[PDB]
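Chemist: My questions will all concern the structure given below.
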Amino acid sequence: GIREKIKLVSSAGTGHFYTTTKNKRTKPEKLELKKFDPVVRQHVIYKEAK
Amino acid sequence: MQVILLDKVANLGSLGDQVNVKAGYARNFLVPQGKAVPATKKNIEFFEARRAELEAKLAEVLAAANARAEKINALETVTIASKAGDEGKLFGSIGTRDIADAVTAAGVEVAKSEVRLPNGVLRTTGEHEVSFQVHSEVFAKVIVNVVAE
Amino acid sequence: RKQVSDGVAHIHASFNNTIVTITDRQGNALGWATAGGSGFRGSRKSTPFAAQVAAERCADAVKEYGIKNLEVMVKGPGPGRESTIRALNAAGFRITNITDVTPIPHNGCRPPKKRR
Amino acid sequence: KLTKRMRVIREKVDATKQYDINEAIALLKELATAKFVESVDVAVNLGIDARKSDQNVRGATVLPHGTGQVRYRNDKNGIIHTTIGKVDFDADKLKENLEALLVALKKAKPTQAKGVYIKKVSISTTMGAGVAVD
Amino acid sequence: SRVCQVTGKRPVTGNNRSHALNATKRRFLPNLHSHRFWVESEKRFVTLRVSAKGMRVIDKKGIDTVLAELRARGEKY
RNA sequence: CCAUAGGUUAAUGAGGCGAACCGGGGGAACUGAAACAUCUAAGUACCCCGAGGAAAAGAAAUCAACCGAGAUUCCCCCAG
RNA sequence: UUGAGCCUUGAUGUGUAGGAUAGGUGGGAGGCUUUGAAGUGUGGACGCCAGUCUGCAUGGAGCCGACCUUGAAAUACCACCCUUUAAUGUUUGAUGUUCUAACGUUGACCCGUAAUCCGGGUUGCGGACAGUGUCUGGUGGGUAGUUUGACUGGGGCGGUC
RNA sequence: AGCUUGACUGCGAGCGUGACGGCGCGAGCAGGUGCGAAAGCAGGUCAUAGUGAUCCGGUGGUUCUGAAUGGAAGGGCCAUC
RNA sequence: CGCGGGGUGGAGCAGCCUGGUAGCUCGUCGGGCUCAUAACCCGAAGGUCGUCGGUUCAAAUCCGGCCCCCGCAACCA
RNA sequence: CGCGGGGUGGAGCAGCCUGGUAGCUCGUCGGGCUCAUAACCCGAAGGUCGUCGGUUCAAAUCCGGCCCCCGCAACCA
């Protein structure tokens, strides 16, 4: 649809990323969720990327 | 082309340097006239030993002789007979060899290819100043006289 | 620049406009001014007052050359023709000789029938 | 139009042939001579982009000879300038200190900077010509 | 025939590949030209059918030397 | 002008033919792809030039691999 | 001749505050002058025409930095550059004109030769054009190879997938 | 309505559904997380549509490989377009 | 039988597309100018948006049944 | 996806250049004026000069991210 898919890149040095969608026309702020990181096995914050 | 000269090319010729000219300029002009020669180790050996000694001045000895050819005819005013019509406008359009066969019959043993006519091919009747080519810069200005017969 | 000493002013006065240009004695133009570019659109375009400011704004733009004396060649009939030279007299120039070079034919091509 | 004193100074410098670090320090005494002891300023030309905010390079260096703490901050050109001390001191003193300068400049080497960093580093006295060293 | 008198570059065939790789038989022609060469020893002119690169071979080698090679193969110039 | 081009004579060799094979110069399509354009068919058919009894290639600016082997050609493996 | 890059060098750049047709920055307070000075004569370069700059010279050996109103200090000295620009050197390119040797010549003439083919030689006309090879953009049914679906109360149309 | 990110990572006995590719459910185990006093619940949304296989190529991570060796390019693996 | 379009003050056309507010011209009505009519100048009113129902916070508009008009098709034997 | 450069009064555009200057034409109103629509002229209202932050004595101009838009060339999963 018109819902763009984003790149939820980790905070830690590893390059592991989560992938999901986001309607930028509705929510103009970047996501700052907290998700699991499998290579260090811990819960850190994840930031927006394209 | 890294040709090495033999004569005095008027713009970059100093008799013996190894200048760089365009390919066409050498293969069509300098070579077939003997003004220069494509630089080969062999002829360069024959240059700074055999040619650059007196062979360099051999070409210039007759150059001084042509300076005398500059003035073979001391009168510098050759009379030629030509048929024409009224108010000028002569019978036939002459050529440069018209001068060649007339001047050698009364003086200068000149050929066709060395006489230069700056004023067309002379359609006007009277006394005009034609020029010769005995050298690259040495010029003789003989005033030929074409009068109606 | 060139600093040309003398010059010849030309005046093309027609019935609906006047385009005055200033050239030297050799014919090569050095600037001009019209009554149509000095505002005056329409009815005022064909007036002697418009011919006045045309001569003034042509008095400028030729300052780079600064010509002292001036030959005047007026051409064509109309509303300007006279107010353009008197304005050019007071423009500061030295009017040498005024002439009339109107193109009068000897019954050449045929003029239109227009106007009713 | 230039005057007598500065005339021979620029005539002493071959503006194209940039000198070695070994003897350029000795070439500034070839220029300097005034009523007061001058100092040498180091104009460092960097190839970074000053219009970008991600390339603001500035810092402080504690020079082992003093004049000492010397600060610096680049301009809207991508070229930064510093001074290192008075010219009346030892030649090798002047040699070793500027060496520590380019080390300090590479200390704050920008990550977004593309190309060779040190373009043309020129040192110059207050009343003398500018000599760029390799 | 389109044959360089010095180098002997005869026309070679190849393909005329398009974008979509549609091969179509084309032929490559040597850059031949008739030119009047001047031989110094014989003091006369010699017109040969030579290729552009062929002129450079006549340029580098001796013009009469390459002429010697032609008569060695038996083809009158 | 010399000189060459051109021309006459004498001496020697060549031309054409032949079933296949051989080297080089040009070089398809049907077909397969379940259509078809890349690709395949195949550098095959076919055409041309040349040569011999065989012809070709051939004595490494070849491989290999840090240990070695030694021109080329053909066959069996390597290996579908 | 005329563009562009670059080198050396000389200029170039007035909201307002204000003595200043001053861009940032910058080391530091002496340069300057008798390797012939401030003021002025006069032409020119630049000109938002406010005020810079300047060859020669009567003259004649002075001129002025922080100081002050400024966000800034004084091209008194100097450094790297931003804009605008000027002479030179240099580098090639795009045009114009002239020339002749390449090349063309289905122009005249002579020879090979009784041959309007052709080759060569004089001369004339064009002329580095033209034409040709390689690469390359466009056009291109002139030409070639092909595609142009299935379901379907026969097919086509419609609809469907 | 408050507090939060389980719209989690590695698996998964046992079943359902299909010719197959493939699709669906899943208690429970390990690391770690949120909520709750606690028992417990959460690996999306009441459920059933919202979607295309492969080849090729792109971006990021991983010395797995890397044709003489050491590296690299390029491949493989993982995530992802 | 089928495809596509349309139906809006009295007339001829926009706005539908992508839903909440309907405009242009002529005409009609009142006034003015002229002796008077026209033309011209000024002001104003006038539209169930074919019809019915549904979805929607809201329907001229999205969808469907039906009616009328228009174009296309209505074919091969 | 990559590239180029714009949003400027009711409209478009200049000013963006080398940073300190919001102007022009049509439009609205009032007035002068003609028989009169218009032409002409004066003046006024009308612009967060896309948005936020940063650099700066000052930015709409410079710089970065971004919303959107027009145009260009490429598109072999």
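Protein chains in written order, with full-length UniProt numbering: chain A, 4 to 53; chain B, 1 to 149; chain C, 13 to 128; chain D, 3 to 69, 159 to 225; chain E, 2 to 78. Yeah, the Cβ is synthetic: ideal placement off N, Cα and C, and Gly gets one too.
Alpha carbons only, please: which of B:8, B:46, B:141 is nearest the one belonging to residue 35 of chain B?
Modeler: Measuring from the Cα of residue 35 of chain B, the nearest candidate turns out to be B:8.
Chemist: Ignore the nearest five residues each way along the sequence and tell me which others in residue 162 of chain D's own chain have a CB closer than 6 Å to its CB.
Modeler: Correct list, in chain order: 62.
Chemist: Residues of chain B with CB under 9 Å from residue 65 of chain E, in chain order?
Modeler: Simply none; closest approach about 12 Å.
Chemist: Here's the rule: buried if 16 or more other CB atoms are within 10 angstroms of the residue's CB, otherwise exposed. What is residue 13 of chain A?
Modeler: By the neighbour-count rule (16 or more Cβ atoms within 10 Å), residue 13 of chain A is buried.
Chemist: Skipping 5 residues on each side, what residues in its chain have a beta carbon closer than 8 Å to that of residue 97 of chain C?
Modeler: Same-chain partners within the cutoff: 23, 67, 84, 86, 107, 110.
Chemist: Going along the region 3-28 of chain B in order, which residues come within less than 8 Å of chain E, judged by CB to CB distance?
Modeler: For the region 3-28 of chain B, which is checked against every Cβ of chain E, the residues closer than 8 Å are 23, 27.
Chemist: Take residue 181 of chain D as the anchor and find which of D:28, D:12, D:3, D:17 has the nearest alpha-carbon.
Modeler: Closest option to residue 181 of chain D, Cα to Cα, is D:28.
Chemist: Could you say which of C:25, C:105, C:14 lies nearest to residue 41 of chain C if we only look at CA atoms?
Modeler: Selected option, being the one with the closest Cα: C:14.
Chemist: For residue 95 of chain B, is the classification buried or exposed, using 16 other Cβ atoms within 10 angstroms of its Cβ as the cut-off for buried?
Modeler: Exposed, since its Cβ has fewer than 16 Cβ neighbours within 10 Å.
Chemist: Can you name the start and end residues of the beta strand (DSSP E) that residue 8 of chain D belongs to?
Modeler: Per DSSP, residue 8 of chain D belongs to no beta strand (DSSP E); it is in the alpha helix (DSSP H), 6-13.
Chemist: If you draw a straight line from the alpha carbon of residue 220 of chain D to that of residue 53 of chain E, how long is it in whole angstroms?
Modeler: Cα to Cα, residue 220 of chain D sits roughly 56 Å from residue 53 of chain E.
Chemist: Does residue 116 of chain C pass the burial test, meaning 16 or more other C-beta atoms within 10 Å, or should it be called exposed?
Modeler: Per the 10 Å Cβ criterion, exposed.
Chemist: Is the region 196-211 of chain D close to the region 24-39 of chain D, with three or more CB pairs under 8 Å?
Modeler: They do not touch, by the three-pair rule.
Chemist: My understanding is that residue 88 of chain C touches residue 63 of chain C, with C-beta atoms under 8 Å, so please give their C-beta distance in whole angstroms.
Modeler: Wrong, their Cβ atoms sit about 12 Å apart, outside the cutoff.
Chemist: Residue 166 of chain D to residue 66 of chain D, Cα distance in whole Å?
Modeler: Computed Cα separation, rounded: 26 Å.
Chemist: Helix, strand or coil: which one does DSSP assign to residue 67 of chain C?
Modeler: Helix.
Chemist: Can you find a CB in chain E that lies within less than 9 Å of the CB of residue 118 of chain B?
Modeler: Answer no: the Cβ-Cβ gap between residue 118 of chain B and chain E never drops below 9 Å.
Chemist: Considering only residues of the same chain and omitting the five flanking positions on each side of residue 119 of chain B, which have a CB-CB separation below 7 Å?
Modeler: 128, listed in sequence order.
Chemist: Pull up the distance between the alpha-carbon of residue 78 of chain B and that of residue 65 of chain B, whole angstroms please.
Modeler: Rounded to whole angstroms, residue 78 of chain B to residue 65 of chain B spans 22 Å at the Cα level.
Chemist: Enumerated in chain order, which unbroken segments of the beta strand (DSSP E) with a length of 3 residues or greater are wholly contained in the region 30-61 of chain E?
Modeler: Runs of the beta strand (DSSP E) inside the region 30-61 of chain E: 33-40, 45-52.
Chemist: Which runs of the alpha helix (DSSP H), 4 residues or longer, sit entirely within the region 47-120 of chain C?
Modeler: Runs of the alpha helix (DSSP H) inside the region 47-120 of chain C: 60-68, 95-101.
Chemist: If you draw a straight line from the alpha carbon of residue 36 of chain D to that of residue 9 of chain D, how long is it in whole angstroms?
Modeler: Spanning the two alpha carbons is a distance of roughly 15 Å.
Chemist: When you compare only the Cα positions, how much space is there between residue 135 of chain B and residue 115 of chain B?
Modeler: Approximately 11 Å between the Cα atoms of the pair.
Chemist: Confirm, please, whether the CB-CB distance from residue 23 of chain A to residue 33 of chain A is below 9 Å.
Modeler: No, they are not a contact pair.
Chemist: For residue 73 of chain C, which of C:113, C:52, C:103 has the nearest alpha-carbon?
Modeler: Closest option to residue 73 of chain C, Cα to Cα, is C:103.
Chemist: Is the number of C-beta pairs between the region 32-49 of chain C and the region 93-108 of chain B that are closer than 8 Å three or more?
Modeler: No, the region 32-49 of chain C is not in contact with the region 93-108 of chain B.
Chemist: Straight-line CA distance for residue 19 of chain E to residue 28 of chain E?
Modeler: Cα to Cα, residue 19 of chain E sits roughly 15 Å from residue 28 of chain E.
Chemist: Does the separation of the CB atoms of residue 61 of chain C and residue 95 of chain C fall below 9 Å?
Modeler: Yes, these two residues count as a Cβ contact at 9 Å.
Chemist: Between which two residues does the alpha helix (DSSP H) carrying residue 66 of chain B extend?
Modeler: Counting along the chain, the alpha helix (DSSP H) containing residue 66 of chain B begins and ends at 56-69.
Chemist: Is the CB-CB distance between residue 45 of chain C and residue 58 of chain C below 9 Å?
Modeler: Not a contact, by the Cβ cut-off of 9 Å.
Chemist: Helix, strand or coil, according to DSSP, for residue 96 of chain B in the structure here?
Modeler: DSSP places residue 96 of chain B in coil when its eight states are reduced to three.
Chemist: Ignore the nearest five residues each way along the sequence and tell me which others in residue 14 of chain D's own chain have a CB closer than 6 Å to its CB.
Modeler: Contacts found: 32.
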